[PDB]
Every structure is written in structure tokens, then in C-alpha cells.
**Q** 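What follows is a single structure, and I will ask about it in a moment.
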Amino acid sequence: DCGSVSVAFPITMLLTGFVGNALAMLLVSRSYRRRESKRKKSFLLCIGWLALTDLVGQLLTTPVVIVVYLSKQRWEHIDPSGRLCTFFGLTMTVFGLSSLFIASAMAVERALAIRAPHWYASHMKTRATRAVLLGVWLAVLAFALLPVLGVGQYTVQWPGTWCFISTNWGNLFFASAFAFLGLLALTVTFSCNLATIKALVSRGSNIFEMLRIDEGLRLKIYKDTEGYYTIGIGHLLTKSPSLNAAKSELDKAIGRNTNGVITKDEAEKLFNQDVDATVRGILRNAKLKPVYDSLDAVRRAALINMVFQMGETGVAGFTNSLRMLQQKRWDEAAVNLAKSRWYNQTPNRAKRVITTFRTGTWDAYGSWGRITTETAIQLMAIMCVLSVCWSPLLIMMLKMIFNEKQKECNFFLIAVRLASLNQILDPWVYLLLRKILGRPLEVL
Ligand SMILES: CCCC[C@](C)(O)C/C=C/[C@H]1[C@H](O)CC(=O)[C@@H]1CCCCCCC(=O)O
Ligand SMILES: CCCCCCCC/C=C\CCCCCCCC(=O)O
């Protein structure tokens, strides 16, 4: 095929891939080193690492492909020894699997953040995410080093412009392993992305999710530190030690026979009741009432959060902080709240609350604005792009293992070219398209 064999493909592919990935890295560096409030620096860390992984993979492969075209093909002439072909095979496989596993790591992380928000906020440290991206790399590099040892081999592919995984036992096992490793990556990505979208639709009110991150959600009847029956977001059922008395208390509050188990919607209903009662306490308190009225809906949630943690009297003791809230001295009020025994006992919770009072945003807890639909469309796009670009290669390889005269050589070049396109689209899908086309979103 005179059409498929052209130097115009690697030239335009390298050009588009280079610009996108070098710029994605530049924007990530400007957005991460800021030192603000949110610990979502790990999401920037993954995108930044993905851009680097994609850029290096293109810089190491494409110049060789260009050189063989200029020399008038015959890879075996330019490389009589097996060094460049095995190296090319290695660099194609290590950077190919790394892109798919980083895409999967992000999918898993987003899913954990939304499906288990309480556990995510306390268990992370950021050092774990940096170690995972290092570990994934070494595990992939070790697998890619198998033909060097003896398991499988890297051969010259049609039209003699590139090298890849060859398709008795060693060659077939190494090829099958790559095929199943690639399909596992796509299945893990699709599953976590579908789970995330489903959960974004299920999301409750902004107050509900705020206290879920701070206190946690339990849908089964459990005992607290004092031994009292509790459910949902810290809702005490009864002070009686009887389990029967607790199940009948929950059944009265809900309506139906729950038998210790409830739904997120029912937990939100019990939470909304607790919100009504805490507002009653605030309005009845002489000191908390003028503060509550002067504050906006977002800042009121930060006050309700404090009342849930310390109680009506506990919050009232912060006389100096409350006076600054009505006077709208947000920066000064933050300092006085930080100078407390509460801040030292629960540093992560106090930091998220103080930021909500200071900025008047949900930023410390998450997005939840118009970004909730923006993320849904972005996750949907990932699944579409990843499947069209990476499925033909993976299916072609499984077909080759299962065993002009054949037109498989022509389609295999189309298949690897599509898989290479995924690492050109990556900076656009994950960062650049949102950062550039952020204005037409408000227009539409
Ligand atoms: C198998 C998946 C590898 C994907 C990768 C890790 O991202 C590396 C691909 C790099 C491409 C780049 O995107 C432009 C280029 O040239 C590289 C090799 C393309 C395959 C060989 C085709 C040879 C030809 O054009 O005749
Ligand atoms: C606005 C988003 C930017 C997207 C840029 C698109 C980059 C496309 C670059 C090169 C085309 C790659 C060719 C892959 C198709 C394989 C078919 C073939 O070999 O004929």
C-alpha cells in the first residue's frame, strides 16, 4: 500500500505529540507549585507524569522511523546487529503499557475519591501516589526486558520501518501476556469511569457530602465509643443498650422495616433532620444567631460543620472569631480559629473548615459546581478515545496468536498507528481542551 507507507505520518505525529505533551507539562508545573489548599496535587502529578511518559516515548521512537525512510527503508541494513530493533521493541512496549497503566491508576484514584470520600481524605499522604507511578514503571520495564533474557523476541515489522513483539512457546507467551495486560488496563479504566459517573449522579447535597468527607457514612447499625447505637452521618438512634429498641427507632424515623440496613437517600433524610435541629440550636443561641444570619449558604455550612463537631456551646466559646465573621474579616478570622486546641487535635478537618469560611467555596472538599458535568463528559471521552485507539492492536495480536497472500501486514500498521494516536490525544483529553475551550462551556 503506497498510501500507508509515507514519511508524512511520523512527521505530523511527532509534531502534534511534541507540542501537546510539552505544553501539558508547562501548565501542570504552573498549576502545582502554587502551594494553595487542596491536596488534589496528586491529580496534577499523574497528568504531568503522563505528558512526560508520552513525550519521551515519541522522542525515542520517531527519529529512528524518519531515518529509515530517508535511507530508502531496509531496517536490517541500518541495523545489522539486533541492538536498535530490540531497543525499539523495548521502548515501544515500556512506554505503551505505561500510558495504559497511568490511565488506569487515575481511573482507580477518581473512583476511590467519590465512592469512599472519608477513607480517601485520611489515607493518601501523596508519597504513596509518587511511589505507585515509580513502581508501575519498574514492573513494566522488567516485563519489557524479557526478550533480552530470552522470553519472547522483537522483530522487524512490515514495511521495515519499525520493530515490535513477534507473533515457539516463548514468543507466543510474551505476546499473549502483552495482549491480556492491555485489555485488563482498558477493563479497569471503563469500570472505574462508569462507577464514577454513576456516583456523580447519586451525589447528595453540598452539606451532606461536606460532612461525609469529615465524619463518614455508615449504612449499617454500629456502636460508637460510648457504646450507643448510631447510623448514617453520626446519627444517634437511642441511648438504650437494646438493639431491638434501636431498630424500632430507625423504623419509626424512616417508615419501613429497615432491620439495621438503610440507603444513602434514607441517610440523607436522617441527616437533613439533624441539620434542621442544629439550625434550631443556632437560632436559639444569643451569640450564634446574629452570625448565622450575616453569613451566606456556603459559610453557614462551615458553621453547621463546627456545631456537629463541638456542639452549640463549643462554637460559642470562639467569641473573637464569630465577631470577625459578621464584620466579614475572613483573613483575620482564619488566624483566630487556627489558634485553638481543636486545630491541633484534628488538623485536616480544621484546615478544610477554615478554608470554607475564608474563601466561601467548596474548593477544600471538591468541585460540585458545573465541573460535575464537565468531568462526566471528560470521563466519557477517555473511554471512547482509549477504546478506538487501543482495541485494534490488542484484537489483531490475539488473532495472530490463534493458529499478496495476506493484507494483515497493511492493517497492523493502521492498528499500531491508532494506538500511537492515543498518546497524542492524551494531553488534549486530560488537560488542554478544558484549559483552552473553557469559555464556550459557559456559552452553551
Ligand atoms: C504499540 C504502542 C506504542 C505507542 C507509543 C508508546 O506511544 C510510541 C509510539 C510512537 C509513535 C509516534 O506517535 C510517532 C511514531 O513514529 C512512533 C512509532 C509509530 C509506529 C511505527 C510506524 C512506522 C511507520 O510510520 O511506517
Ligand atoms: C484538536 C485535537 C488535536 C488532535 C490532533 C490530531 C493529530 C493527528 C495526527 C496524525 C494522524 C495520525 C494517523 C493515524 C491514522 C492511521 C491511518 C493510516 O495510517 O492511514
Side-chain angles (χ1 to χ4, degrees), residues 9-31 33-34 38 40-42 44-63 65 91-92 94-111 113 126 129-133 135-137 140-141 185-186 188-189 192-193 196 363 367 371 374-390 417-438 440-441:
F9 288 94
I11 294 159
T12 55
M13 283 172 97
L14 173 60
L15 185 73
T16 52
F18 184 80
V19 184
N21 290 294
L23 287 168
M25 262 166 70
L26 197 99
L27 288 152
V28 155
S29 308
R30 204 90 257 147
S31 302
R33 290 179 178 181
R34 91 291 173 105
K38 203 171 175 67
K40 206 74 189 176
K41 201 258 177 177
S42 63
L44 281 161
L45 214 134
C46 292
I47 293 158
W49 185 251
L50 183 64
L52 186 67
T53 305
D54 296 349
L55 188 122
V56 177
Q58 287 153 9
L59 281 178
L60 264 48
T61 56
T62 329
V65 179
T91 185
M92 282 262 290
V94 60
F95 287 95
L97 290 166
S98 295
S99 310
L100 294 163
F101 284 104
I102 294 153
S104 275
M106 280 183 77
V108 170
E109 219 159 303
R110 279 201 188 105
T126 321
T129 60
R130 202 182 282 267
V132 157
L133 295 159
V136 156
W137 204 277
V140 164
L141 184 105
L186 310 181
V188 161
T189 290
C192 298
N193 282 4
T196 300
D363 282 19
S367 54
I371 316 108
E374 282 186 274
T375 47
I377 297 300
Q378 193 200 250
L379 299 155
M380 185 71 245
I382 290 160
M383 293 186 283
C384 288
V385 175
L386 204 58
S387 57
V388 168
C389 296
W390 271 96
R417 274 197 186 142
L418 288 154
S420 297
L421 181 72
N422 185 72
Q423 290 71 248
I424 305 169
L425 295 159
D426 274 351
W428 298 93
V429 176
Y430 289 94
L431 189 97
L432 303 174
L433 270 152
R434 202 205 219 89
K435 222 92 184 180
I436 296 158
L437 279 99
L441 202 282

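We number each residue from 1, following the sequence as shown.
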**Q** Write down the atom of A107, the atom of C192, and the distance for their closest heavy-atom approach.
**A** O-CB, 3.3 Å

**Q** Which heavy atom in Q423 sits nearest to a heavy atom in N21, and how many Å separate them?
**A** O-ND2, 3.3 Å

**Q** First locate atom CG of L60, then atom CE of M92, and finally report the distance between them rounded to the nearest 0.5 Å.
**A** 12.0 Å

**Q** Would you compute the distance between atom CG of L52 and atom CE of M25 and round it to the nearest 0.5 angstrom?
**A** 5.0 Å

**Q** Would you check if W137 and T53 make a side-chain contact, meaning some heavy-atom pair closer than 4.5 Å?
**A** yes

**Q** Could you pull out the closest heavy-atom pair between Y430 and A103, with the gap in Å?
**A** OH-CB, 3.7 Å

**Q** Go through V28 and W49 one step at a time and tell me if the side-chain contact (heavy atoms from CB on, under 4.5 Å) criterion holds.
**A** CA-CA 10 Å; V28 155; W49 185 251; over 6 Å; no

**Q** For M383, give me all partners under side chain to side chain contact (heavy atoms under 4.5 Å, CB included), at least two apart in sequence or on another chain.
**A** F190, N193, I197, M380

**Q** List the steps and the verdict of side-chain contact (heavy atoms from CB on, under 4.5 Å) for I371 and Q378.
**A** CA-CA 10 Å; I371 316 108; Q378 193 200 250; over 6 Å; no

**Q** Any chance you could measure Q58, atom CD, to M13, atom CE, to the nearest 0.5 Å?
**A** 8.0 Å

**Q** Roughly how far, to the nearest 0.5 Å, is the OG atom of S31 from the NZ atom of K41?
**A** 11.5 Å

**Q** I want to check something: taking the side chain as every heavy atom from C-beta on, are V188 and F101 in contact at a cut-off of under 4.5 Å?
**A** no

**Q** Working note: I47 + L27, criterion side-chain contact (heavy atoms from CB on, under 4.5 Å); need CA distance, chi angles, decisive distance, verdict.
**A** CA-CA 10 Å; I47 293 158; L27 288 152; over 6 Å; no

**Q** Flag the pair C46 / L133 as yes when at least one side-chain heavy-atom distance between them is below 4.5 Å, and no otherwise.
**A** yes

**Q** Between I382 and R110, what is the shortest heavy-atom contact and its length?
**A** CD1-NH1, 4.1 Å

**Q** Working to the nearest 0.5 angstrom, can you tell me the gap between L55 CG and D426 CG?
**A** 12.0 Å

**Q** What side-chain hydrogen bond (donor to acceptor under 3.5 Å, both in side chains) pairs are there with at least one residue in residues 97-108, not counting sequence neighbours?
**A** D54-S99, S104-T189

**Q** I need the minimum non-hydrogen distance between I424 and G17, along with the two atoms involved.
**A** CG2-N, 3.6 Å

**Q** To the nearest 0.5 angstrom, please state how far the NZ atom of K40 sits from the CG atom of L45.
**A** 12.0 Å

**Q** Nearest heavy-atom pair of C389 and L425: which atoms, and what distance?
**A** SG-CD1, 4.4 Å

